[PDB]
Protein chains: 2
Amino acid sequence: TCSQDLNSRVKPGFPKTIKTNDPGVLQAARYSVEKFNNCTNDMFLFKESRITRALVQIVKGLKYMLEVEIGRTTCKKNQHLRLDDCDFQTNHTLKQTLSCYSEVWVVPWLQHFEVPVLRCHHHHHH
Amino acid sequence: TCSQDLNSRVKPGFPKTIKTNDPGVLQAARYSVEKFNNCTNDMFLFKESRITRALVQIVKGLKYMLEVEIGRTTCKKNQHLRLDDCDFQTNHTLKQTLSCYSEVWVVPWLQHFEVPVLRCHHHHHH
Ligand SMILES: *[C@@H]1O[C@H](CO[C@H]2O[C@@H](C)[C@@H](O)[C@@H](O)[C@@H]2O)[C@@H](O[C@@H]2O[C@H](CO)[C@@H](O)[C@H](O)[C@H]2NC(C)=O)[C@H](O)[C@H]1NC(C)=O
Ligand SMILES: *[C@@H]1O[C@H](CO[C@H]2O[C@@H](C)[C@@H](O)[C@@H](O)[C@@H]2O)[C@@H](O[C@@H]2O[C@H](CO)[C@@H](O)[C@H](O)[C@H]2NC(C)=O)[C@H](O)[C@H]1NC(C)=O
Ligand SMILES: *[C@@H]1O[C@H](CO)[C@@H](O)[C@H](O)[C@H]1NC(C)=O
Ligand SMILES: *[C@@H]1O[C@H](CO)[C@@H](O)[C@H](O)[C@H]1NC(C)=O
Ligand SMILES: [Zn+2]
Ligand SMILES: [Zn+2]
Ligand SMILES: [Zn+2]
Ligand SMILES: [Zn+2]
Ligand SMILES: [Zn+2]
Ligand SMILES: [Zn+2]
Ligand SMILES: [Zn+2]
Ligand SMILES: [Zn+2]
Ligand SMILES: [Zn+2]
Ligand SMILES: [Zn+2]
């Protein structure tokens, strides 16, 4: 499986630290939680709640490597609700947070984004 | 394409800096150049020459993210030659170096390694 770029015209980028409030980082964390909502069957939408760590790598575009917390909101899935206007669950029985790692590839000049990696963990209540 | 680990039993690891002379890093850089030799058709084998940057991430094993330089050796390909005993080209017309980025996944308890990403650049002689 030699599907590699082994004679690249550009020197490949290495991941570098980036501020966790960088507008690009913030948008990448939104993509991540949207990938999560798309890929699960909760009755509520989740929303990014905290970005603890972030790296960005140049690869024909921007690849974000993110450590992001996501939380259940009070907005139901499948009602065409926008996450910017969703607040987190207050009800303790409905409060749920996950710790995720994601990689998000964004090519703004081609209007393209992808979330090729998303790993999430809900910690046991014991 | 929801082929993700979204209900993981473990909190996912984030990539952390690791020393570029760490024995695991050194072995990962060897895997990278071996992936390079496997995936190209030079008449000589290449060998890792310098590891400039390294991150390691815990993901059911160790994933290395490496910035590694590779160089052409005087050992011919397809002669069953071991890289530890190969020295770099002296002949200026045969000297060739590439800057690579690689990701190498190693699971030592399962005797498994993989090089899922390798990107390499030969800088123009102008
Ligand atoms: C967004 O999700 C759909 C997958 O449909 C999914 O429903 C989720 C809630 C979850 O349970 C998931 O496991 C389930 O498959 C994706 O479309 C699906 O993709 C797979 C593989 O490509 C196809 O085999 C399915 O037929 C297809 N189903 C439908 C209804 O479209 C979609 O790819 C995904 N998008 C992204 C970008 O993640
Ligand atoms: C190691 O390389 C071989 C690929 O054979 C290659 O020869 C190289 C020098 C290079 O020119 C490359 O582009 C060429 O394909 C891999 O086996 C091949 O894999 C592909 C896809 O899996 C198959 O379609 C080929 O039929 C198959 N060919 C042979 C002769 O086996 C092999 O996967 C690769 N190994 C690794 C781990 O990178
Ligand atoms: C919280 O949610 C549960 C289940 O939907 C419900 O039984 C309970 O009444 C709710 N409590 C409050 C105060 O909203
Ligand atoms: C270097 O290699 C080239 C091509 O193989 C050859 O023409 C030349 O004689 C070599 N020079 C020396 C000093 O080895
Ligand atoms: Zn809609
Ligand atoms: Zn609000
Ligand atoms: Zn919980
Ligand atoms: Zn697109
Ligand atoms: Zn936990
Ligand atoms: Zn052999
Ligand atoms: Zn020697
Ligand atoms: Zn050169
Ligand atoms: Zn294996
Ligand atoms: Zn260059």
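Don't overthink the numbers, they just go from 1 along the chain as shown.
According to its header, the structure was obtained by X-ray crystallography, 2.1 Å.
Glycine residues also receive a Cβ, built from the backbone N, Cα and C atoms like all the rest.
The disulfide bond annotation in Swiss-Prot covers B:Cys75-B:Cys86, B:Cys100-B:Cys120 and is backed by experimental evidence. Annotated N-linked glycosylation site per Swiss-Prot: B:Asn38, B:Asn91, in sequence order, evidence recorded as experimental evidence. The motif 'Secondary area of contact' annotation in Swiss-Prot covers B:57-61. If you look up Swiss-Prot, you'll see B:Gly13 marked as site 'Reactive site'.
Summarising the annotation, the PDB entry assigns expression tag to B:122-126.
Structure coloured by features recorded in Swiss-Prot.
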| residue | record | DSSP class |
| --- | --- | --- |
| B:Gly13 | site 'Reactive site' | coil |
| B:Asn38 | N-linked glycosylation site | helix |
| B:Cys75 | disulfide bond | strand |
| B:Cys86 | disulfide bond | coil |
| B:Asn91 | N-linked glycosylation site | coil |
| B:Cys100 | disulfide bond | strand |
| B:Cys120 | disulfide bond | strand |
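Sorting each residue of the motif 'Secondary area of contact' (B:57-61) by its DSSP state yields 0 helix, 2 strand, 3 coil. Between the listed recorded positions, namely B:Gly13, B:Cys86, B:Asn91, B:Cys120, the fewest other CB atoms within 10 angstroms of a CB are found at B:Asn91. Each of the disulfide-bonded residues B:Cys75, B:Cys100 was scored by the other Cβ atoms within 10 Å of its Cβ; the lowest score goes to B:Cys75. By the rule that a residue counts when its Cβ sits under 6 Å from some atom of ligand 7, the recorded positions B:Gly13, B:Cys75, B:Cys86, B:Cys120 yield nothing. Listed recorded positions: B:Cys75, B:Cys86, B:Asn91. Those with a CB under 8 Å from a CB in chain A: none. Of all the recorded positions listed here (B:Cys75, B:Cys86, B:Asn91, B:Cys100, B:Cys120), B:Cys100 has the Cα closest to the Cα of B:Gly13 (site 'Reactive site'). For B:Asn91 (N-linked glycosylation site), the nearest neighbour among the recorded positions B:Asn38, B:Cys75, B:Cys100, B:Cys120, judged by Cα separation, is B:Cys75.
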